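Engineer: Supplied in structure tokens, the structure appears directly below.
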Amino acid sequence: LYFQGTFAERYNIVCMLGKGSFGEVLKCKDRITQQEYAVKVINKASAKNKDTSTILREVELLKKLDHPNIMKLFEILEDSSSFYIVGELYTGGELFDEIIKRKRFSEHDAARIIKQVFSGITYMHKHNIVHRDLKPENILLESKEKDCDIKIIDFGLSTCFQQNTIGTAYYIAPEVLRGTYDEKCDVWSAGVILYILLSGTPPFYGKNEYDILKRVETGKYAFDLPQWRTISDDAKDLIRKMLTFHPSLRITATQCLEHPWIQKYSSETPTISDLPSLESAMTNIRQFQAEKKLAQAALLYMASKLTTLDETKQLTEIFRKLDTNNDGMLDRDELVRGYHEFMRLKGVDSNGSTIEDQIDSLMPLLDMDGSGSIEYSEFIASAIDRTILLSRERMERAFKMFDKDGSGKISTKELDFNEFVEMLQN
Ligand SMILES: CC(C)n1nc(Cc2cccc3ccccc23)c2c(N)ncnc21
Ligand SMILES: [Ca+2]
Ligand SMILES: [Ca+2]
Ligand SMILES: [Ca+2]
């Protein structure tokens with residue numbers, strides 16, 4: 001395997017997309033699957049701030065982050081000059097451009113959007129990761145479709161790498177001017193984002209960066225602009241709690257998510273339309289509940305690494321409607337209510353075994369990291385057709401994602417292609 005790069009052997013570079021933090025971001029495509037991905041290329045010599053052992057450790061945790069509103073990293077690969085961080089490709093651009101186009105949003109539309117930031121940030125903070133620089137330019141739109149998920153990018157690598165080289169000043173908490181970060185800085189930044197969403201203007205506005213940072217110094221903002229009068233007191237109460245000056249008195253990410261104003265506007269719930277879609281989710285999980293253990297884990301690794309938007313976009317809607325508390329993961333109770341609601345909408349009396357014992361029995365097989373929750377990939381794994389999950393191209397990639405040494409055959413420590421194909425086609 002001498003004349004083969006790890007990145008080069010697997011992905012072709014299509015084109016540059018942008019200059020990201022710590023290095024360039026490019027569009028690349030898998031040479032077998034043809035599926036396209038974004039890749040950030042980071043120069044080792046120049047950007048390295050830690051040893052590679054620390055960098056690969058840090059990035060591994062970032063890869064294991066599983067949340068609909070957080071960018072999904074697939075892998076970190078290296079050659080003699082660079083690191084290559086490969087992730088989901090988004091096509092909808094920055095939330096920032098949405099602000100410019102719409103100028104500002106209804107309480108409904110601002111609620112649906114910021115709810116997703118709260119969801120992602122809450123998950124980030126549960127895993128002890130602060131963004132440090134939350135802003136509209138670091139929130140990407142998944143696609144061009146209407147109510148598409150937003151995706152928080154660009155965090156986690158801050159001690160690993162070193163940058164070299166406008167408008168960030170609007171979003172920085174005051175404590176950050178004191179050289180301090182903590183989880184409450186992200187809340188502040190998200191409060192500013194929200195104020196801009198509902199009003200179209202930042203709370204600490206000014207002509208240049210000196211004067212912007214001067215108002216941010218004082219902590220003084222108001223709901224003075226004429227447009228604030230036809231905006232509820234509930235949005236005002238949330239902003240006030242987020243733009244509280246002292247971090248210790250400022251609300252958490254979770255309380256942002258749980259705020260009454262959030263609850264009121266983002267209550268999309270399951271309907272008759274979802275029944276056939278929901279019926280498809282059932283069949284595929286129903287065997288996943290009694291499908292082999294080596295099958296269950298092997299399926300989780302495939303659907304998690306090699307899916308695409310247009311494939312799982314249906315499961316994505318269903319997931320959302322079951323996610324009644326809006327944190328981006330499915331707990332035990334939400335599944336049970338969803339199973340009750342499913343039956344009710346179909347006309348079948350719930351009150352074999354009960355819905356409650358069936359879910360109780362499903363959770364251990366379904367929650368495979370033992371998280372207590374059913375994260376997005378665990379759902380997709382379970383509730384997708386293997387009729388479309390299993391194409392030759394994907395098996396070919398899978399086959400090579402486990403053969404570490406590059407033999408043409410798999411060893412026991414790691415865990416023929418035709419013997420591979422039959423195993424997965426059971
Ligand atoms: C704004 C345009 C330069 N861009 N930027 C990204 C973010 C991104 C892509 C690939 C790897 C990453 C690793 C760490 C942090 C962010 C990464 C990105 C994306 N996902 N999809 C489309 N465009 C993107
Ligand atoms: Ca949930
Ligand atoms: Ca889990
Ligand atoms: Ca091998």
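The way I read the labels, and the way they are meant: chains A, B, ... in the order of the structure tokens, residue 1 as the first residue of every chain, and ligand 1 as the first ligand shown, with later ones counted on from there.
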Write out as a PyMOL selection string the residues lying within 10 Å of residue 56 (chain A), counting only C-alpha atoms and excluding same-chain residues fewer than 3 positions away.
Structural biologist: chain A and resi 51-53+59-62+75-77+83+160
Engineer: Put those residues in a file: N, CA, C and O atoms, as a PDB file, in the first residue's frame.
Structural biologist:
```pdb
ATOM      1  N   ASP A  51       0.546  18.312  19.898  1.00  0.00           N
ATOM      2  CA  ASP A  51       0.975  17.088  19.245  1.00  0.00           C
ATOM      3  C   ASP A  51      -0.200  16.430  18.524  1.00  0.00           C
ATOM      4  O   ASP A  51      -1.351  16.585  18.923  1.00  0.00           O
ATOM      5  N   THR A  52       0.119  15.690  17.464  1.00  0.00           N
ATOM      6  CA  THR A  52      -0.856  14.940  16.685  1.00  0.00           C
ATOM      7  C   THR A  52      -1.689  13.995  17.539  1.00  0.00           C
ATOM      8  O   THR A  52      -2.858  13.790  17.258  1.00  0.00           O
ATOM      9  N   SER A  53      -1.089  13.416  18.577  1.00  0.00           N
ATOM     10  CA  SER A  53      -1.827  12.519  19.473  1.00  0.00           C
ATOM     11  C   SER A  53      -2.976  13.244  20.176  1.00  0.00           C
ATOM     12  O   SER A  53      -4.052  12.674  20.338  1.00  0.00           O
ATOM     13  N   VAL A  59     -10.327  15.639  18.095  1.00  0.00           N
ATOM     14  CA  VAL A  59     -11.189  15.504  16.939  1.00  0.00           C
ATOM     15  C   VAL A  59     -12.063  14.266  17.020  1.00  0.00           C
ATOM     16  O   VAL A  59     -13.182  14.279  16.523  1.00  0.00           O
ATOM     17  N   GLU A  60     -11.582  13.213  17.675  1.00  0.00           N
ATOM     18  CA  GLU A  60     -12.383  12.001  17.826  1.00  0.00           C
ATOM     19  C   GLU A  60     -13.654  12.271  18.623  1.00  0.00           C
ATOM     20  O   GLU A  60     -14.722  11.802  18.239  1.00  0.00           O
ATOM     21  N   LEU A  61     -13.551  13.038  19.708  1.00  0.00           N
ATOM     22  CA  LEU A  61     -14.739  13.444  20.461  1.00  0.00           C
ATOM     23  C   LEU A  61     -15.667  14.291  19.578  1.00  0.00           C
ATOM     24  O   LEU A  61     -16.884  14.097  19.588  1.00  0.00           O
ATOM     25  N   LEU A  62     -15.101  15.234  18.826  1.00  0.00           N
ATOM     26  CA  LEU A  62     -15.915  16.065  17.928  1.00  0.00           C
ATOM     27  C   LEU A  62     -16.669  15.190  16.913  1.00  0.00           C
ATOM     28  O   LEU A  62     -17.835  15.442  16.633  1.00  0.00           O
ATOM     29  N   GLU A  75     -14.308  12.269   9.399  1.00  0.00           N
ATOM     30  CA  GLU A  75     -12.954  11.827   9.757  1.00  0.00           C
ATOM     31  C   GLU A  75     -11.864  12.876   9.685  1.00  0.00           C
ATOM     32  O   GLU A  75     -12.016  13.940   9.085  1.00  0.00           O
ATOM     33  N   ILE A  76     -10.750  12.538  10.311  1.00  0.00           N
ATOM     34  CA  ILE A  76      -9.538  13.321  10.225  1.00  0.00           C
ATOM     35  C   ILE A  76      -8.467  12.419   9.615  1.00  0.00           C
ATOM     36  O   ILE A  76      -8.210  11.326  10.109  1.00  0.00           O
ATOM     37  N   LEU A  77      -7.880  12.879   8.515  1.00  0.00           N
ATOM     38  CA  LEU A  77      -6.871  12.123   7.788  1.00  0.00           C
ATOM     39  C   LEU A  77      -5.658  13.032   7.612  1.00  0.00           C
ATOM     40  O   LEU A  77      -5.795  14.256   7.590  1.00  0.00           O
ATOM     41  N   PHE A  83      -3.496  18.165   7.693  1.00  0.00           N
ATOM     42  CA  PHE A  83      -4.637  17.398   8.211  1.00  0.00           C
ATOM     43  C   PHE A  83      -5.826  17.664   7.292  1.00  0.00           C
ATOM     44  O   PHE A  83      -5.945  18.753   6.759  1.00  0.00           O
ATOM     45  N   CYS A 160      -5.866  23.297  19.667  1.00  0.00           N
ATOM     46  CA  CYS A 160      -5.132  22.411  18.763  1.00  0.00           C
ATOM     47  C   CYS A 160      -4.329  23.155  17.710  1.00  0.00           C
ATOM     48  O   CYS A 160      -3.237  22.735  17.346  1.00  0.00           O
TER      49      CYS A 160
END
```
Engineer: With only C-alpha atoms and all ligand atoms counted and 8 Å as the cut-off, give the residues of chain A in contact with ligand 4, each with its shortest interatomic distance in Å and the pair that gives it, as CSV.
Structural biologist:
```
residue,atom,partner,partner_atom_place_in_ligand_line,distance
A:402,CA,ligand 4,1 (Ca),7.5
A:403,CA,ligand 4,1 (Ca),4.3
A:404,CA,ligand 4,1 (Ca),5.8
A:405,CA,ligand 4,1 (Ca),5.3
A:406,CA,ligand 4,1 (Ca),5.8
A:407,CA,ligand 4,1 (Ca),4.8
A:408,CA,ligand 4,1 (Ca),6.5
A:409,CA,ligand 4,1 (Ca),4.8
A:410,CA,ligand 4,1 (Ca),3.7
A:411,CA,ligand 4,1 (Ca),4.9
A:414,CA,ligand 4,1 (Ca),6.8
```
Engineer: Keeping only N, CA, C and O atoms, write the selected residues to a file as a PDB file, in the first residue's frame.
Structural biologist:
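Output below, filename again_39.pdb:
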```pdb
ATOM      1  N   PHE A 402     -12.808  -0.792   7.257  1.00  0.00           N
ATOM      2  CA  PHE A 402     -12.443  -1.721   8.342  1.00  0.00           C
ATOM      3  C   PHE A 402     -11.105  -2.427   8.102  1.00  0.00           C
ATOM      4  O   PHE A 402     -10.353  -2.687   9.047  1.00  0.00           O
ATOM      5  N   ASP A 403     -10.821  -2.742   6.842  1.00  0.00           N
ATOM      6  CA  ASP A 403      -9.527  -3.279   6.453  1.00  0.00           C
ATOM      7  C   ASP A 403      -8.448  -2.204   6.642  1.00  0.00           C
ATOM      8  O   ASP A 403      -8.137  -1.445   5.721  1.00  0.00           O
ATOM      9  N   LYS A 404      -7.891  -2.145   7.851  1.00  0.00           N
ATOM     10  CA  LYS A 404      -6.970  -1.076   8.236  1.00  0.00           C
ATOM     11  C   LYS A 404      -5.618  -1.196   7.540  1.00  0.00           C
ATOM     12  O   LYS A 404      -5.106  -0.217   6.992  1.00  0.00           O
ATOM     13  N   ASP A 405      -5.045  -2.396   7.562  1.00  0.00           N
ATOM     14  CA  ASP A 405      -3.718  -2.628   6.983  1.00  0.00           C
ATOM     15  C   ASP A 405      -3.695  -2.530   5.451  1.00  0.00           C
ATOM     16  O   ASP A 405      -2.667  -2.175   4.863  1.00  0.00           O
ATOM     17  N   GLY A 406      -4.822  -2.839   4.814  1.00  0.00           N
ATOM     18  CA  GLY A 406      -4.911  -2.834   3.355  1.00  0.00           C
ATOM     19  C   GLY A 406      -4.476  -4.169   2.782  1.00  0.00           C
ATOM     20  O   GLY A 406      -3.550  -4.229   1.971  1.00  0.00           O
ATOM     21  N   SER A 407      -5.151  -5.237   3.210  1.00  0.00           N
ATOM     22  CA  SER A 407      -4.801  -6.612   2.831  1.00  0.00           C
ATOM     23  C   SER A 407      -5.597  -7.137   1.638  1.00  0.00           C
ATOM     24  O   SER A 407      -5.051  -7.828   0.779  1.00  0.00           O
ATOM     25  N   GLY A 408      -6.883  -6.805   1.593  1.00  0.00           N
ATOM     26  CA  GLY A 408      -7.828  -7.477   0.704  1.00  0.00           C
ATOM     27  C   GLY A 408      -8.662  -8.477   1.491  1.00  0.00           C
ATOM     28  O   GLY A 408      -9.579  -9.096   0.946  1.00  0.00           O
ATOM     29  N   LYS A 409      -8.335  -8.632   2.776  1.00  0.00           N
ATOM     30  CA  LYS A 409      -9.068  -9.506   3.684  1.00  0.00           C
ATOM     31  C   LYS A 409      -9.029  -8.938   5.101  1.00  0.00           C
ATOM     32  O   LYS A 409      -8.065  -8.264   5.485  1.00  0.00           O
ATOM     33  N   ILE A 410     -10.078  -9.218   5.872  1.00  0.00           N
ATOM     34  CA  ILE A 410     -10.199  -8.709   7.238  1.00  0.00           C
ATOM     35  C   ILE A 410      -9.677  -9.705   8.274  1.00  0.00           C
ATOM     36  O   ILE A 410      -9.859 -10.919   8.138  1.00  0.00           O
ATOM     37  N   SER A 411      -9.019  -9.169   9.302  1.00  0.00           N
ATOM     38  CA  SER A 411      -8.547  -9.949  10.440  1.00  0.00           C
ATOM     39  C   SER A 411      -9.493  -9.753  11.619  1.00  0.00           C
ATOM     40  O   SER A 411     -10.305  -8.825  11.637  1.00  0.00           O
ATOM     41  N   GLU A 414      -9.257  -6.424  13.729  1.00  0.00           N
ATOM     42  CA  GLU A 414      -9.839  -5.245  13.084  1.00  0.00           C
ATOM     43  C   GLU A 414     -11.326  -5.063  13.421  1.00  0.00           C
ATOM     44  O   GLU A 414     -11.766  -3.954  13.745  1.00  0.00           O
TER      45      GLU A 414
END
```
Engineer: Nearest to residue 380 (chain A): which of A:317, A:147, A:258, A:88 is it, counting only C-alpha atoms?
Structural biologist: A:317
Engineer: Applying 8 Å and only C-alpha atoms, which residues near residue 30 (chain A) remain after dropping the ones on its own chain fewer than 6 positions away? List them as a ChimeraX atom specification.
Structural biologist: /A:10-12,36-37
Engineer: Pull C-alpha atoms from the residues just selected and write them as a PDB file, in the first residue's frame.
Structural biologist:
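Generated output (selection.pdb):
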```pdb
ATOM      1  CA  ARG A  10     -10.410   7.921  -1.066  1.00  0.00           C
ATOM      2  CA  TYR A  11     -11.400  11.477  -2.099  1.00  0.00           C
ATOM      3  CA  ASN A  12     -10.964  13.666  -5.165  1.00  0.00           C
ATOM      4  CA  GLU A  36     -19.756  14.806  -1.964  1.00  0.00           C
ATOM      5  CA  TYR A  37     -18.298  16.186   1.279  1.00  0.00           C
TER       6      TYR A  37
END
```
Engineer: Using only C-alpha atoms and all ligand atoms, find each protein or nucleic acid residue lying at most 8 Å from ligand 2; present the set as number ranges by chain.
Structural biologist: A: 322-331, 334, 373
Engineer: Could you list the protein, DNA and RNA residues that have any atom within 6 Å of ligand 1, counting only C-alpha atoms and all ligand atoms, and write them as number ranges by chain?
Structural biologist: A: 17-20, 25, 38-40, 85-91, 153-154
Engineer: Given a cut-off of 7 Å, what residues near ligand 3 show up using only C-alpha atoms and all ligand atoms, put as number ranges by chain?
Structural biologist: A: 367-375, 378
Engineer: Please produce a file of the residues just selected, as a PDB file, in the first residue's frame, where the atoms kept are N, CA and C atoms.
Structural biologist:
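Generated output (out-v6.pdb):
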```pdb
ATOM      1  N   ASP A 367     -30.367   2.573  21.814  1.00  0.00           N
ATOM      2  CA  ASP A 367     -29.378   3.450  22.420  1.00  0.00           C
ATOM      3  C   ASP A 367     -28.076   2.668  22.533  1.00  0.00           C
ATOM      4  N   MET A 368     -27.229   2.775  21.517  1.00  0.00           N
ATOM      5  CA  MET A 368     -26.051   1.909  21.413  1.00  0.00           C
ATOM      6  C   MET A 368     -24.774   2.484  22.033  1.00  0.00           C
ATOM      7  N   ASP A 369     -24.679   3.811  22.144  1.00  0.00           N
ATOM      8  CA  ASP A 369     -23.599   4.404  22.952  1.00  0.00           C
ATOM      9  C   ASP A 369     -23.940   4.403  24.458  1.00  0.00           C
ATOM     10  N   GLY A 370     -25.179   4.036  24.803  1.00  0.00           N
ATOM     11  CA  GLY A 370     -25.640   4.018  26.188  1.00  0.00           C
ATOM     12  C   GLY A 370     -25.933   5.416  26.706  1.00  0.00           C
ATOM     13  N   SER A 371     -26.122   6.361  25.779  1.00  0.00           N
ATOM     14  CA  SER A 371     -26.261   7.791  26.099  1.00  0.00           C
ATOM     15  C   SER A 371     -27.463   8.126  26.973  1.00  0.00           C
ATOM     16  N   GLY A 372     -28.452   7.235  27.013  1.00  0.00           N
ATOM     17  CA  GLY A 372     -29.743   7.527  27.619  1.00  0.00           C
ATOM     18  C   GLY A 372     -30.705   8.058  26.569  1.00  0.00           C
ATOM     19  N   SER A 373     -30.179   8.353  25.379  1.00  0.00           N
ATOM     20  CA  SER A 373     -30.963   8.961  24.325  1.00  0.00           C
ATOM     21  C   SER A 373     -30.695   8.321  22.969  1.00  0.00           C
ATOM     22  N   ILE A 374     -31.659   8.497  22.070  1.00  0.00           N
ATOM     23  CA  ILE A 374     -31.587   7.989  20.712  1.00  0.00           C
ATOM     24  C   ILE A 374     -31.149   9.156  19.815  1.00  0.00           C
ATOM     25  N   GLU A 375     -29.844   9.280  19.582  1.00  0.00           N
ATOM     26  CA  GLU A 375     -29.328  10.377  18.753  1.00  0.00           C
ATOM     27  C   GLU A 375     -29.696  10.125  17.302  1.00  0.00           C
ATOM     28  N   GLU A 378     -28.516   6.897  15.422  1.00  0.00           N
ATOM     29  CA  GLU A 378     -29.133   5.691  15.963  1.00  0.00           C
ATOM     30  C   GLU A 378     -30.540   5.536  15.395  1.00  0.00           C
TER      31      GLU A 378
END
```
Engineer: Extract, using only C-alpha atoms, all DNA, RNA and protein residues at most 9 Å from region 117-128 of chain A, discarding same-chain residues fewer than 6 positions from it, and format them as an NGL selection string.
Structural biologist: :A and (65 or 67-70 or 139 or 150-152 or 183 or 186-187 or 190 or 252-257 or 326-328)
Engineer: Now that the selection is made, can you save its residues with N, CA and C atoms as a compact mmCIF listing (two decimals), in the first residue's frame?
Structural biologist:
```txt
# COMPACT_ATOMS: atom_id res chain seq x y z
N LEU A 65 -19.86 13.65 18.25
CA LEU A 65 -20.98 14.55 18.51
C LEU A 65 -22.07 14.24 17.48
N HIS A 67 -25.82 15.37 16.62
CA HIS A 67 -26.91 16.32 16.85
C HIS A 67 -27.31 16.95 15.53
N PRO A 68 -28.62 17.05 15.26
CA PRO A 68 -29.06 17.63 13.98
C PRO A 68 -28.58 19.06 13.69
N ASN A 69 -28.31 19.86 14.74
CA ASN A 69 -27.91 21.27 14.57
C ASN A 69 -26.42 21.53 14.74
N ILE A 70 -25.63 20.46 14.75
CA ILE A 70 -24.19 20.59 14.91
C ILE A 70 -23.55 19.95 13.70
N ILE A 139 -23.14 29.78 11.50
CA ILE A 139 -24.32 28.95 11.42
C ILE A 139 -24.70 28.82 9.95
N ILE A 150 -30.52 24.20 10.60
CA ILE A 150 -29.26 24.96 10.61
C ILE A 150 -28.21 24.14 11.33
N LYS A 151 -26.96 24.46 11.02
CA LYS A 151 -25.81 23.67 11.43
C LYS A 151 -24.75 24.59 11.98
N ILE A 152 -24.44 24.40 13.26
CA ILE A 152 -23.37 25.14 13.90
C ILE A 152 -22.04 24.53 13.48
N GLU A 183 -19.32 28.89 29.29
CA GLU A 183 -20.52 28.55 28.53
C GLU A 183 -21.51 29.71 28.35
N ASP A 186 -21.60 31.98 25.08
CA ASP A 186 -22.37 31.49 23.93
C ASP A 186 -23.83 31.92 24.05
N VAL A 187 -24.34 31.97 25.28
CA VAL A 187 -25.72 32.39 25.52
C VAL A 187 -25.86 33.85 25.13
N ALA A 190 -25.82 34.24 21.47
CA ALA A 190 -27.11 33.78 20.94
C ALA A 190 -28.23 34.79 21.24
N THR A 252 -28.94 29.56 31.39
CA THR A 252 -28.20 28.49 30.72
C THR A 252 -28.68 28.32 29.28
N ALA A 253 -28.00 27.46 28.54
CA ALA A 253 -28.49 27.04 27.22
C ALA A 253 -29.82 26.27 27.32
N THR A 254 -29.94 25.43 28.34
CA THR A 254 -31.15 24.63 28.52
C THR A 254 -32.39 25.50 28.80
N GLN A 255 -32.24 26.52 29.63
CA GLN A 255 -33.34 27.44 29.96
C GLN A 255 -33.74 28.30 28.76
N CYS A 256 -32.77 28.68 27.94
CA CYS A 256 -33.09 29.24 26.64
C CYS A 256 -34.01 28.29 25.85
N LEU A 257 -33.65 27.00 25.77
CA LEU A 257 -34.46 26.01 25.04
C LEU A 257 -35.86 25.83 25.65
N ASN A 326 -37.42 19.31 22.01
CA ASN A 326 -36.59 20.04 21.06
C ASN A 326 -35.08 20.06 21.30
N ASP A 327 -34.55 19.09 22.05
CA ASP A 327 -33.09 19.04 22.33
C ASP A 327 -32.28 18.27 21.28
N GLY A 328 -32.94 17.78 20.24
CA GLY A 328 -32.26 17.08 19.14
C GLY A 328 -31.99 15.59 19.36
```
Engineer: Could you tell me, as a list in words, which residues of region 57-203 of chain A DSSP assigns to strand (DSSP E or B) when given the backbone?
Structural biologist: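 DSSP on the backbone gives strand (DSSP E or B) at residues 70, 73, 74, 75, 76, 77, 78, 82, 83, 84, 85, 86, 87, 94, 139, 140, 141, 150, 151, 152 and 161 of chain A.
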